[PDB]
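>
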Amino acid sequence: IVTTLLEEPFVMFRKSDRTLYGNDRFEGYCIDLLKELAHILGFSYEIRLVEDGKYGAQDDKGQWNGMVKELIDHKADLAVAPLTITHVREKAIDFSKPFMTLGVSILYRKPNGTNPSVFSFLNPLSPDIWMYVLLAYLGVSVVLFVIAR
Amino acid sequence: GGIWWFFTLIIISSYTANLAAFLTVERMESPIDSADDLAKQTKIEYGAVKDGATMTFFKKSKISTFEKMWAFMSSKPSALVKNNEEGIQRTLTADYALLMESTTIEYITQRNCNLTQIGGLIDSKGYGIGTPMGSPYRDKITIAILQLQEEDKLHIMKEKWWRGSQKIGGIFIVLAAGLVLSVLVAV
Amino acid sequence: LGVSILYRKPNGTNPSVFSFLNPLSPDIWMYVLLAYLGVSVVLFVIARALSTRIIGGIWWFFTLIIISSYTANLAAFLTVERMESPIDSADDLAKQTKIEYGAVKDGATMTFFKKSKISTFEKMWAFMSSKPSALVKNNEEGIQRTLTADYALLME
Amino acid sequence: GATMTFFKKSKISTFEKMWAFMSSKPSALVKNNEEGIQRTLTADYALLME
């Protein structure tokens, strides 16, 4: 049993127009990997979409959910998924070797730039006070020219 | 003229003071490349997937930066995303970075060129295949893992399936206006 | 005795001459020299006093902006440059992210900081437990890690 | 000190980090208040006091 959910790049719809159910529904790296596993070890596989869409975790009580609860209830005995190995998960099921070693990072967009416009130079001073500068110079000119002529 | 000369000195020193103030705001605001930034900022939300082993591990944090992160993320349950796509669209649209594992972030930033890695990885952590407690076929799984890695199918197919698919210059126009302004004076 | 902390000296400092106009964009100066030779050629534009006083006032205001702006960028660099803690005590290590700190594999300092149950020292030990390579065989390996990596050491 | 033991059992995190810095400093604790008078009126040192 493969309890699973739609997850790139692991679980993607196998590109076909046909009405498909079970193993031939999906395409992915782990899909052909599971084909290889059923080949070499001689078993076979069944792929099932999980209802709640969960890895599996105890609640505030201790009730496991998701694919881990599908494993513990023995309705599933494998769960092909990006399953992170943690020790609380270790004391419910049996993890294999680390086959995709990784770690959590942070992703965000690329702003990486500004628009320091000619509009933007005014900002530490009020535009009416920017006008007061101009009108003060005009007042100085119109007094001193009356002084001149 | 001494009065007006002093007056315009007050004017230019005042706007000089305010412009220097904003420059220092920009310079103290110059850029952030570490987690400690989110430990110091407050205006950028950040969250994690519910039933995420990442979120469970942030509950188990014994790192002061990451513990303040867990305290804020527990204070903001809207940051605790249900699916990835909630955090994805909030990262696309709003001021919101997201904690996620290296391989998936890597495969998306290779696909989506709109993105970049923020900071680095936390530590090393791997994937496992869970047989239930008492089912011995995990050892066959282990033999097949040692096989297909030692047969180099895992690394080569991991390579294959993961396809990598001015205010500096703002014043010179106002300067060049005087070139044509001097034409229309006398001749 | 007491445990102490050793660190290295980066000291990446280089003064004038070349440190001088770096806050200013060095390609503004060709645009400066364009208008400079344009003001020098005014001796021949008029040849072959409102029209010159407007040039004087515009250029007067124009260059009044520039020196204040670059001085502002200078002091804006300077004060932020005056903000170096950098490592007064290990509380920074209780708050940093990049400087690794640790002790010896089977070390007496390692023993004590497993024993140390001050909560700040507990989280320093939690750092050390999070690092697979903060623990070293000998003190010389710690010397190697200090010289190579950004590493502080809880040596004697 | 009763205040010393009081912040030994501080359950206020700001005061707990003050106590954490006090745990970092064995020289923070003195023998009597007169030694606090000494360290204050000689060195750059303040003292919590009733």
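Chains as they are written, first to last, in my numbering: chain A, 249 to 397; chain B, 114 to 300; chain C, 18 to 173; chain D, -5 to 44.
In this text, a Cβ means the ideal position worked out from N, Cα and C, and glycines have one as well.
(1) Which residues, taken in chain order from the region 133 to 160 of chain B, show a beta carbon closer than 7 Å to some beta carbon of chain C?
(2) So, with DSSP's three-state summary, where would you put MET43(D)?
(3) Would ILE333(A) pass as a contact of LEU212(B) if the rule is Cβ separation under 8 Å?
(4) Just the C-alpha distance for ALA257(B) and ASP280(A), rounded to the nearest angstrom, thanks.
(5) Using a Cβ-Cβ distance under 8 Å, would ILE75(C) count as near chain B?
(6) What does the Cβ neighbour count give for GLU198(B), buried or exposed, with the cut at 16 atoms within 10 Å?
(7) Please classify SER374(A): is it buried, with 16 or more other beta-carbons within 10 angstroms of its beta-carbon, or exposed?
(8) Which runs of the alpha helix (DSSP H) spanning at least 4 residues fall entirely within the region 110 to 157 of chain C, listed in chain order?
(9) Consult DSSP for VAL250(A) and reduce its assignment to one of helix, strand or coil.
(10) Counting Cβ pairs closer than 8 Å, one from the region 241 to 252 of chain B and one from the region 333 to 345 of chain A, do we hit at least three?
(11) Measure how close the beta-carbons of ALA327(A) and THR267(A) come, nearest whole angstrom, since I'm counting them as under 8 Å.
(12) Please list, in chain order, the chain B residues whose beta carbon lies closer than 7 Å to that of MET348(A).
(13) Please state whether the Cβ-Cβ distance between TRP274(B) and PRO257(A) is less than 8 Å.
(14) What does the alpha-carbon distance come out to for the pair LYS271(B) and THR229(B)?
(15) Which of the residues in the region 175 to 190 of chain B, read from start to end, lie with their CB under 7 Å from any CB of chain C?
(16) Cα-Cα, which of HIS287(A), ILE295(A) and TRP312(A) is closest to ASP164(B)?
(17) Report buried or exposed for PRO249(B), applying the criterion of at least 16 other Cβ atoms within 10 angstroms of its Cβ.
(18) Compute the Euclidean distance between the alpha carbons of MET246(B) and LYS154(C), then round it to the nearest angstrom.
(19) Applying a beta-carbon distance threshold of less than 8 Å, which residues of chain C neighbour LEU288(B)?
(20) Please look up how many angstroms separate the CB atoms of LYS345(A) and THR255(B), rounded, as I've assumed it's under 8 Å.
(21) Could you tell me the boundaries of the beta strand (DSSP E) in which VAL352(A) lies?
(22) Comparing alpha-carbon positions, which option in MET(-2)(D), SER17(D) and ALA37(D) lies nearest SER136(C)?
(23) List, in chain order, every chain C residue whose beta-carbon is nearer than 8 Å to that of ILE125(B).
(24) So, are the CB atoms of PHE94(C) and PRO40(C) less than 8 Å apart?
(25) Out of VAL259(A), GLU275(A), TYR293(A) and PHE261(A), which one is the CA nearest neighbour of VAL250(A)?
(26) For the candidate residues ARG276(B), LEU132(B), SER143(B) and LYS153(B), whose alpha-carbon lies nearest to that of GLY276(A)?
(27) Please compile the residues from chain C whose C-beta is within a distance smaller than 7 Å of the C-beta of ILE231(B).
(28) Check whether the region 304 to 323 of chain A and the region 198 to 209 of chain B are in contact - that is, three or more C-beta pairs closer than 8 Å.
(29) Name the DSSP bridge partner or partners of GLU255(A)?
(30) Checking 8 Å against the spacing of the C-beta atoms, do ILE231(B) and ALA207(B) come in under that value?
(31) Could you tell me how far apart the beta carbons of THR96(C) and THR137(B) are, in whole angstroms, since I believe they sit closer than 8 Å?
(32) Considering only DSSP beta bridges, list what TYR293(A) is partnered with.
(33) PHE119(B) bridges to which residues according to DSSP?
(34) Taking only the alpha-carbon atoms, compute the straight-line gap between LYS2(D) and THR114(C) and give it to the nearest angstrom.
(35) Going by the CB atoms, is the gap between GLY114(B) and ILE75(C) shorter than 8 Å?
(36) Could you list the residues in the region 30 to 46 of chain C with a C-beta less than 8 Å from some C-beta on chain B, going in chain order?
Reading it off the structure:
(1) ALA133, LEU136, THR137, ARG140, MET141, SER147, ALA148 and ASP149
(2) coil
(3) no
(4) 14 Å
(5) yes
(6) exposed
(7) exposed
(8) 125 to 132 and 136 to 147
(9) strand
(10) yes
(11) Going by Cβ atoms, the distance from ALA327(A) to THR267(A) rounds to 26 Å, so no, they are not a contact pair.
(12) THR216, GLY239 and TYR240
(13) yes
(14) 21 Å
(15) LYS175, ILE176, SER177 and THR178
(16) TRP312(A)
(17) exposed
(18) 38 Å
(19) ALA52, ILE75, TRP76 and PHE79
(20) 6 Å
(21) 352 to 357
(22) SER17(D)
(23) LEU81 and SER85
(24) yes
(25) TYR293(A)
(26) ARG276(B)
(27) By Cβ distance, chain C contributes nothing, its closest Cβ being about 13 Å from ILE231(B), past 7 Å.
(28) no
(29) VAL259(A)
(30) no
(31) 6 Å
(32) Per DSSP, none; premise fails for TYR293(A).
(33) Partner(s): none; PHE119(B) has no beta bridge.
(34) 29 Å
(35) no
(36) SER42 and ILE45
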